[PDB]
Amino acid sequence: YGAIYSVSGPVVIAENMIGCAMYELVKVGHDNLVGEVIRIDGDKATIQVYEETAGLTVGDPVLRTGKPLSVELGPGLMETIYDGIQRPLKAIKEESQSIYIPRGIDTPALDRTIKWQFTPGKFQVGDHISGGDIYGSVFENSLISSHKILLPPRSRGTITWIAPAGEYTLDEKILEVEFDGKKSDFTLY
Amino acid sequence: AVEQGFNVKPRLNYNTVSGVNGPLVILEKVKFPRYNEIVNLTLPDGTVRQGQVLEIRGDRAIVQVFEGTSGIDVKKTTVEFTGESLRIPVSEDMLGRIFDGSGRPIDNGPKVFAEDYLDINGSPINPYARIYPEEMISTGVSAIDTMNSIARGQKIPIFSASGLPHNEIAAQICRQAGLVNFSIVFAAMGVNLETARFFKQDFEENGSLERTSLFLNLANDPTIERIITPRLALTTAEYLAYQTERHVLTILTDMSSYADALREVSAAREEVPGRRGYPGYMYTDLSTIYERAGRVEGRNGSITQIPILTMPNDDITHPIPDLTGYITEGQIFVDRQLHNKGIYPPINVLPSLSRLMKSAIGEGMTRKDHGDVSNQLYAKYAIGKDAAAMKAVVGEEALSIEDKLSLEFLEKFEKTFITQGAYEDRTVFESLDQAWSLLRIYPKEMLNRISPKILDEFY
Amino acid sequence: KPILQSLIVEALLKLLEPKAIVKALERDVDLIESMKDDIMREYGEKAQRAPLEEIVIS
Amino acid sequence: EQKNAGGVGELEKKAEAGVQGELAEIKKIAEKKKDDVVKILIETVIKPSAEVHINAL
């Protein structure tokens, strides 16, 4: 939880940013602007803000999200229109009800208000599932008949529980992986 | 109802000034500096000048002074932090008034009785909320309308050089810009008083001061207000076109002068230059300016931006024309060779381009043959230029029959089709008929780029 | 008198400095001299810090 | 053209007469709602507005 030290165009230098990591998204300012740390020097982490940096003042809190620039992969992105970052332009227009893009808009990349039909894959409870394996399928469109749900890569273990067939949203749990005794909850995305 | 306007926020008058360097003023101790903040530098002489905070350190604030730093003391100068970005007062009555480079009245009239305070930088329009223009503007110039069409909502600049009649061409386009009335927002960035007087006189004679707003930043005006004038004019245009639902045609002139101002500010900041000293972020700044043109889904109203530009040495490869071609869609190339030959307008249709012509031209919008005729004209003009080069380098008899016919076409094209007197106002249909008359020089066989059905139906 | 109470405090909370120099009209000097203690206590309460060390009526 | 300028001079009186009609309401519109605006302006200039910077907290 550092503080803004310097602002000059997109490049923002934030002090007290100790323990940060390179190319880690950090919410700069009070509007929670997305920015990736591109340079570190001591406790100051140079950040490039992904939105309009005008109005940022020294002392504004900078929140470390702890993850790199991550794209939300899953059902629901097969038709939508995205900005540079995975910002849904249609969802932004619908929620904001305006022709502008509000600063620090936090609309989820994949909308969670749509119920997706899910058919579990060949994997069952107790089987060993590795990264990238298929444990389901989602009927997205007529063209994309089966949006096969992939277990995230570099995530592995044994299926503690798998959901039955039914209309599930992205926030809802789909499958559970135990690994080394630390059960992990995996959703549609 | 904007009831939040009734609020007083006292401002911090900093007498802590240092590092006054060129266009830049540096404040040693600032309590929570705000980036892109407007300050009011009160000189020891008593005159105030607005300034923009370019960068903030922990306690510093590198301020750029729009009116210049000539006379700024380090001891008696007080800098007052307003606390917000620059907000021009906009109104519907703001049409018909002449403004300074910093949005101050020049016509000896009152200050704008503000209807709202709009930020200069505006807001980023949702690309999903934009409309593809697809509405041709009958600019009345043959070399433009027929071969590089302008759609209502298209940012098409006029690339020109020093001494060419770019001002005359743009004034003509503004005077005669009906669709196949327009409000106008004119921004003068460093143009000489002769050019500003020409533009104002032409607007008044045509009857445009009823529905125009001039932001005149002359050459004698301070050289950093050229950074702010296009933004003020463009947010005025955004207001007039989106909230009052008008159709605005912005004529930002001497964007080369704007880029020179940018380079001057960039050079003073001692930052990584880029190409020819122009700031590396010149693409981003030019995109921020140019990309404020077009139509929006909810609101019927557009900014038909036509940013006049001046090539330093008639070179496209220069950073300003190159980036302007990258961002702004299309280009109207004013040719020194054509002007020397005496053609008006001296528009060279080979470099001139319009990305939205293929969609705003033809198929019942104007006429069935517009696109094919413009392709045929471009192809035969390129053939004529190549044949002229070949006939200069080698013997004339070595040129083929097609090459000789194309030389004749090029002569009859520059001298009759492109050549258009001021106030002529050729309709797009009349220009197409004249272009066909030029294309009837060739036998039907060699009009290869014309679709055979149209060739049979129009030859 | 209550209006001047906020005007001095409103600017004090913007400065946020341990010391102050309140330049006022010659007729409000007595009022500010009387109410310096209240101003200090209000600034200490509103700025979430210790009351400012000294206020000087210029 | 001189007659047009002379007519414009007559039109200047006509324009002034037209302007006098519009700005007659401007004086009337002001006085009708002047005392209400002053009440808002006075109450705002004096209103206690004491709040530190958000960053200072």
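Residues numbered from 1 in each chain as written, not as in the entry; some residues may be left out. Chains lettered and ligands numbered in written order. Part of a larger assembly, values for the part shown. Heavy atoms only, no water. Residues with missing side-chain atoms left out of burial classes, pairs and counts.

Chemist: Mind showing me how you'd approach the overall build of chain C here?
Modeler: Across its full length, chain C carries 2 helices and 2 strands. Each helix (α) and strand (β) of chain C, taken in turn from the N terminus, gives the series α-β-α-β. Relative to the 2.2 N^0.38 estimate, which gives 10 Å for 58 residues, the radius of gyration of chain C is 10 Å and therefore close to what a compact globule would have. Contacts in chain C between residues at least 24 apart in sequence constitute 71% of all its contacts with a sequence separation of at least 6. (Helix = DSSP H or I, 4+ residues; strand = E, 2+ residues; numbered from the N terminus. Rg over C-alpha atoms; globule rule 2.2 N^0.38 Å. Contact = heavy atoms within 4.5 Å.)

Chemist: Can you help me understand the pattern of salt bridges in this one?
Modeler: When the shortest N-O distance is used, the salt bridge between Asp 43 of chain A and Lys 44 of chain A registers 3.2 Å. Linking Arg 112 of chain A and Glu 72 of chain A is a salt bridge whose minimum nitrogen-to-oxygen distance equals 2.4 Å. Of this pair, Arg 112 of chain A sits in the loop between α1 (89–96) and β7 (116–120) while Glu 72 of chain A sits in the loop between β6 (61–64) and α1, placing them 40 residues apart in sequence. Three or more residues are tied together by salt bridges with common partners; here these are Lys 341, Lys 385 and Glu 414 of chain B. (Salt bridge = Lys/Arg side-chain N within 4 Å of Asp/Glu carboxyl O.)

Chemist: I keep staring at the sheet that holds strand β21 (residues 347–353) of chain B and nothing clicks. Help me out?
Modeler: Strands pair in a sheet through their backbones, by hydrogen bonds, and they do so in one of two ways: parallel or antiparallel. Residue and element names in this part refer to chain B. What the 4 strands build is an open sheet, ordered β19-β14-β20-β21; its pairing is mixed. Across the chains shown, the open sheet's two edge strands, defined by having one partner strand only, are β19 (308–311) and β21. Shown here is a sheet whose adjacent strand axes are inclined to one another by a mean of 30°, direction ignored. Most of the contacts of helix α7 (residues 319–327) go to β19, to which it runs at about 140°, and overall it touches β14 (158–161) and β19. (Pairing = 2+ DSSP bridges. Axes fitted to C-alpha atoms, helices over the stretch in contact; angles between N-to-C directions.)

Chemist: Help me out: how do you make sense of the pairing of strand β7 (residues 78–81) of chain B in this one?
Modeler: Here strand β1 (residues 12–14) of chain B runs beside β7 of chain B; their pairing, made up of 3 bridges, is antiparallel. Within β7 of chain B, the position partnered with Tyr 14 of chain B by the bridge is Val 79 of chain B.

Chemist: Which parts of the structure should I look at to understand the pairing of strand β20 (residues 331–334) of chain B?
Modeler: Consecutive side chains of a regular strand alternate in pointing toward one face of the sheet and then the other. All names here are of chain B. Here β14 runs beside β20; their pairing, made up of 2 bridges, is parallel. Bridge pairing in β20 places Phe 159 opposite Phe 333. Relative to β21, β20 runs antiparallel, the two sharing 3 bridges. For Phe 333, the partnering residue across the bridge sits in β21 and is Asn 348.

Chemist: Mind showing me how you'd approach the packing of helix α6 (residues 282–290) of chain B against α7 of chain B here?
Modeler: Angle between the axes and distance between the axes are the two parameters that describe a pair of packed helices. All names here are of chain B. The N-to-C vectors of α6 and α7 enclose an angle of 50°; their axes lie 9 Å apart at closest approach. It follows from the interaxial angle that α6 and α7 lie oblique. By crossing handedness, the relation of α6 to α7 is classed as right-handed. The segment α6 lies against α7, with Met 282, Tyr 283, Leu 286, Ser 287 and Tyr 290 engaging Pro 319, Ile 320, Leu 323, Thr 324, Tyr 326 and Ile 327. Class assignment for the residues of the contact of α6 with α7 results in 9 nonpolar, 2 polar and no charged. (Parallel < 35°, antiparallel > 145°, perpendicular 65-115°, else oblique. Left-handed = near helix turned anticlockwise from the far one by under 90°. Nonpolar A, V, L, I, M, F, W, Y, C, P; charged D, E, K, R; others polar.)

Chemist: Please clarify how the interface of chain A and chain B should be interpreted in this entry.
Modeler: A common way to state how big an interface is: give the accessible area lost once the parts meet. Contact with chain A, which involves 19 residues of that partner, is made by 20 residues of chain B. Elements represented by at least two residues in the side of chain A that touches chain B include exactly β1 (2–8) and α1 of chain A. Its residues placed into classes, the side of chain A that touches chain B shows 11 nonpolar, 6 polar and 2 charged.

Chemist: Is there a simple way to think about the sheet that holds strand β17 (residues 248–250) of chain B in this case?
Modeler: All names here are of chain B. Judged by pairing direction, the sheet is parallel, and its 4 strands sit side by side in the order β9-β16-β15-β17 without closing on themselves. At either margin of the open sheet sits one strand with a lone partner, and together these are β9 (97–99) and β17. Between one strand axis and the next, the sheet turns through 15° on average, direction left out of account. Pairing between β9 and strand β16 (residues 212–217): 3 bridges, direction parallel. Its bridge partner being in β16, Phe 99 is matched across the sheet by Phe 215.

Chemist: Looking at this model, I keep getting lost on helix α2 (residues 29–46) of chain C. Mind explaining?
Modeler: The largest bend in α2 of chain C amounts to roughly 55° and is located at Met 35 of chain C. Count one or two residues on from α2 of chain C and you reach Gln 48 of chain C, which has phi positive near 55°. (Bend = angle between axes of the 7 residues up to and from the residue.)

Nothing here speaks to function; it is geometry throughout.
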